[PDB]
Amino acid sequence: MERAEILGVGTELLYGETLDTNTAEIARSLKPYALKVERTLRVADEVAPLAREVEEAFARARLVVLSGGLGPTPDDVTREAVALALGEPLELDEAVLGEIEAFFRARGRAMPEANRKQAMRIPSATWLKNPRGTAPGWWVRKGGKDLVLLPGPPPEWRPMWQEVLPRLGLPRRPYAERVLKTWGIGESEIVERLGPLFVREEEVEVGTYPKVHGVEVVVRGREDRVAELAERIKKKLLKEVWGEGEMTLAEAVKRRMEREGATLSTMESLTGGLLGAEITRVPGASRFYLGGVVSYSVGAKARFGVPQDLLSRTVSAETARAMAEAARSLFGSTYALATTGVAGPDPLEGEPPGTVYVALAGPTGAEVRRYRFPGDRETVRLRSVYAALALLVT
């Protein structure tokens, strides 16, 4: 399989002063083709380093795509870099120069001298029309290789890329991917359960990505291999998979409450309202979520029904159970969730940061899960939210 190289040009991209979504978006558009994307680059607006990166990318790849630096400014140098990298001179296209003059005439302005350089192309390039912006793009076919220069602004380049891409004659490969969202199983145990199913090959691969909402498992590559492989993986992870694709825990909870015609409330200590925030992130939450309380002080815990004998051990399974039962009673909801624990940075009741209990109470009784989350304060808080949501969808 041959390579695709993707370079986003712009000094500000290095520093995240513009968030580089271009290179990712181009990479995802190449999924249907038999090309390997091994890396993406973001490159400073300097002609010599950029020419070097372009020359190296072009040498190793069937396709090179560059985005950005097609402006009129001294910091727009991609055309110069590309010409330098490919050993071709820049040539003024008078007709395209006329088009750029027209762009400014149409807005009531003369063309600035600076923009004149946007009418430059190398002999190996055909123009890609840009009816939304000043700078036409290039399509270079050289050596059985393709190099495409696109403008930085998405509303400019997306239609240009969409039209040129099926013209490049790229090898096609029937592609699929399957994303499995788990909870309550760490990467190590997933490794062990999958064994040889944890395939890393050219035709198909398996990846795990640990998130605050649990470990995601992604199978991607050839459509035949993916469907089979991912189905075996799902069967092996069956109890821990709570959703696939775009599903989120908050959406999964909503689906269960709608399926049952049930309602929900919450009582939170350490998460501070973040659980209610996460449940109500999803439009239509008011159909099942009656509301909640944030029992942050001891006085509030007692006010909302935590038994007095548990106030010395609010970090405990017993208190979690009591809080969920109290919320269920206080709101008259079908179910209720509770969070209690040690966020960090300090211990609480002799328990170390990351000690968390979550509880769910319902018409058949309550249940509690204990966690010892590694992470700083903000992290432990977030895992706690998802742990509590996970009690509803296992």
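Heads up: residue numbers just count along the shown sequence, starting at 1.
Student: Residue 194: absent from a third or more of the other PDB entries compared?
Tutor: Across the compared entries, residue 194 is left out in at least a third.
Student: Checking the other entries of this protein that model its neighbours, is residue 101 missing in at least a third?
Tutor: no, residue 101 modelled in all other entries.
Student: Looking at the deposited entry, does 38 to 46 or 336 to 344 carry the larger mean Cα B-factor?
Tutor: The stretch with the larger mean CA B-factor is 38 to 46.
Student: Determine, for stretches 1 to 9 and 383 to 391, which one has the higher mean CA B-factor as deposited.
Tutor: Stretch with the higher mean C-alpha B-factor: 1 to 9.
Student: Among 99, 309, 318, 177, single out the one with the highest C-alpha B factor in the record, please.
Tutor: Checking the PDB record, the top C-alpha B-factor among 99, 309, 318, 177 is at 99.
Student: Pick out which of 124, 280, 265, 269 has the highest C-alpha B-factor in the PDB entry.
Tutor: The record points to 124.
Student: Looking at the temperature factor on the CA atom of residue 157, which third of the chain's modelled residues does it land in?
Tutor: Middle third - that is where residue 157 ends up once the chain's C-alpha B-factors are sorted.
Student: Should residue 206 be placed in the lowest, middle or highest third of its chain by the C-alpha B factor in the entry?
Tutor: Its C-alpha B-factor, which the entry lists for residue 206, ranks in the middle third among residues of this chain.
Student: Select lowest, middle or highest to describe the third in which the CA B-factor of residue 350 falls within its chain in this entry.
Tutor: Middle third, going by the recorded CA B-factors of the chain.
Student: Mind checking which third residue 139 falls in for C-alpha B-factor across the chain?
Tutor: CA B-factor rank for residue 139: middle third.
Student: By the record's CA B-factor, is residue 128 among the lowest, middle or highest third of residues in the chain?
Tutor: Middle third of the chain for residue 128's C-alpha B-factor.
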